[PDB]
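A lone chain, given as structure tokens: the form deposited in one PDB entry.
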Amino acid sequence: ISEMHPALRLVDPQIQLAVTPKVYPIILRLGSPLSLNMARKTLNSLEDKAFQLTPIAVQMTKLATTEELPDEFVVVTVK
């Protein structure tokens, strides 16, 4: 693992993928950067809408061993 490129990155399990519902820890393979924002509609007119974004800080860790890997997880590969 500590030699793969893009390296494997384990996302803090505060953020997981809900799949159908089971939730899975996330492993990232980032060939390009990713960003995550929470979005909330703050203005709702049929002619105009506004969305408030809030950046979500995501703690990750580069994996060195497979003993760190969960028993079930999703791998997201970004090109």
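In case it trips you up, residue 1 is the first one in the sequence shown, and so on. Only the largest set of C-alpha atoms that superpose within 1.5 Å between the two forms is called the rigid core.
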* Is the mean CA B factor in the deposited entry higher across 21-29 or across 62-70? -> 62-70
* Could you check the entry and say whether 33-41 or 50-58 has the higher mean CA B-factor? => 50-58
* Asked: Among the chain's modelled residues, which third holds the C-alpha B-factor of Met4?
  -> highest
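One more form of this protein exists, namely the form deposited in another entry; it is left out here, but the text below deals with it.
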* Is it true that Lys49 shifts between the shown form and the other one by 2 Å or more at the Cα, once the core is aligned? -> yes
